[PDB]
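Here we start with a single chain on its own, the form deposited in one PDB entry, put down as structure tokens.
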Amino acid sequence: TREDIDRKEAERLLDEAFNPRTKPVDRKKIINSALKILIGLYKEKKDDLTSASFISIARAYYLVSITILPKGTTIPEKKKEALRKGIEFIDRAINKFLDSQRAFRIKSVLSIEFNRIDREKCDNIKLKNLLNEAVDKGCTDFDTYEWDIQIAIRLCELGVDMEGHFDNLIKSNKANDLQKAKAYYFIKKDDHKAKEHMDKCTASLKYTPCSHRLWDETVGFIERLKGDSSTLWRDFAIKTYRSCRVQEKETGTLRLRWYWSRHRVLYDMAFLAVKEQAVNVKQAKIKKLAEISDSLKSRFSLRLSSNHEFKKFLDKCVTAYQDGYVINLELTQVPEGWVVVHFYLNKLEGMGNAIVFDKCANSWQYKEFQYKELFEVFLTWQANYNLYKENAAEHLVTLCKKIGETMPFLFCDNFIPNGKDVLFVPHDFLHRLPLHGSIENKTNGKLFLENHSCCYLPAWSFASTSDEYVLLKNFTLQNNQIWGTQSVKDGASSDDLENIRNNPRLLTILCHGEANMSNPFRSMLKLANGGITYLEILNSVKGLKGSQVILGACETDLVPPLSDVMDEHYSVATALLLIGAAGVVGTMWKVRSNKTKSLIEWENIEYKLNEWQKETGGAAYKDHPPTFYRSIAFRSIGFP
């Protein structure tokens, strides 16, 4: 009939889409066209179609599902939609009926994918029952159908006995190394051959794009191994993390938001593996922990570091950040007397790490802490701040005290020696914490800054003449003769900041600021006319290379309290760091004018920020919480 020829054309289209020869961008379009043909046929025949036509509709829906790559955190709703619709249509095909075997094959693969993405809707026992139905209905043909291999591997992973099809599973040419390893591990328990096949898959991972479902499948395999208390999960996690590193080195900066940020649990798993493996060998393990921690920090920002083309790309990055549609130095290189505290908040476990390197002692050591209570207190501080800026100071102090309570090691002499300058490399919400102002949990406790002149760095990759000052006040010391020719005091002339040259040794942007928690790329320095923002800073201003920027603007270093898909800072101060600024004294929240001007008094570029903060009200946490809040807001960012 007409239905037969229509569905034959749709099946030809789906098969032409199935093979990897076709480009994915047109593969999606031709799968959608085949689905359009099939759905038009289904609508024109309403509820009485040939069973194989319903099976073809379900296969088209599954093929749509297989081409919907998951986003950074949330599974795309079209993926769940197509899986649900395919399952429903193949259920209609099963109720009224080597064709039943392929119907149950498509049903089982659809249900496998639905269980993988939405385990609650397709629970594991129901999936197991339907997988058994499929395998007793002939779903065993390997070396010709990769799907049968998928049912076989899922069945062996649910825990049923699958030793009979092992030989056919392995001899099949269309089985990837991960399915081979799962078969060798789950039914034959051949840990050596499972290790060999997993090593092969991990080596192949160095080239597969992060969008590939093989990444999620191998993360799930190693997760299952870790839950099984297997002895191979550590090496598998470490090697897969090395593969993720080399791959992320070559993915697009847009796909860092989308698909690389998916493999954060993989970095957590590798961190756990190295931590379990952790005298000299132990120190190398500690340094590898630091490397794993730093590899997750500010990767898309690191790629943010002619003009119109870069502006267009930055606009694309901003649209991708908002979940919109886009239209198309070693860690031991610290200078002497400086201690670097690398942080890492493991999300797979409930712990966070504080890998520290002491350069003078050349000593690596980490301490674990519970960041859940500290995170709740930090969110308390952020909510109270966004409601009441200067009246949340008390909470800030509490938060600071929490940093001294959840992290008492910050005040241990053996951890961070007293008097050693500290460079924090925080992770996740610790990026937004005043680690410089942390108060030790002792009677009359001292802040962290008092003992150590502590500066920050969003990631270790950020670490890397003119001798005049170019203050750009837009709010006395504006008439001081130390200000250079390019310095402006009446109108900020944001265009002049775009046109600042000669790599000044210092410049003060005395203006206002807005954090823009909704979109950190429009975090604005309220300069003249249109305020310059993170988007404009990354493109327009180019003079401040090697500069020592001082930011009197409010909320220069304020970020949305909630962590992004990946750990990056997205602040105005980080924006200026991205254009070559050697150091930034950006402000972490709203401040008064008196403290900013006092900062500018400290000419006197070589003077440490810590001496300031000690002198002017920093120690007065019990005396006056508001003066503490005004004091610590100026974190120091950069590397000497």
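Just so we're on the same page, rigid core means the largest C-alpha set that superposes within 1.5 Å between forms. When you see a residue number, it is the position in the sequence shown, counting from 1.
We do not show the form deposited in another entry, though everything after this point is about it.
- For the set 209, 337, 561, 546, a Cα shift of at least 2 angstroms between the shown form and the other one, after rigid core superposition, holds for 561 and for no other residue.
- Superposition of the core reveals a Cα shift of less than 2 Å for residue 240 between the shown form and the other one.
- Shown in the overlay between the shown form and the other one, fitted on the rigid core, is a CA shift at residue 414 smaller than 2 Å.
- Relative to the superposed core, residue 507 undergoes a C-alpha shift of no less than 2 Å between the shown form and the other one.
- Inter-residue distance, residue 243 to residue 563 (Cα): increased by at least 3 Å in that other deposited form versus the depicted form.
- Note: residue 548-residue 502 Cα separation is 3 Å or more shorter in that other deposited form than here.
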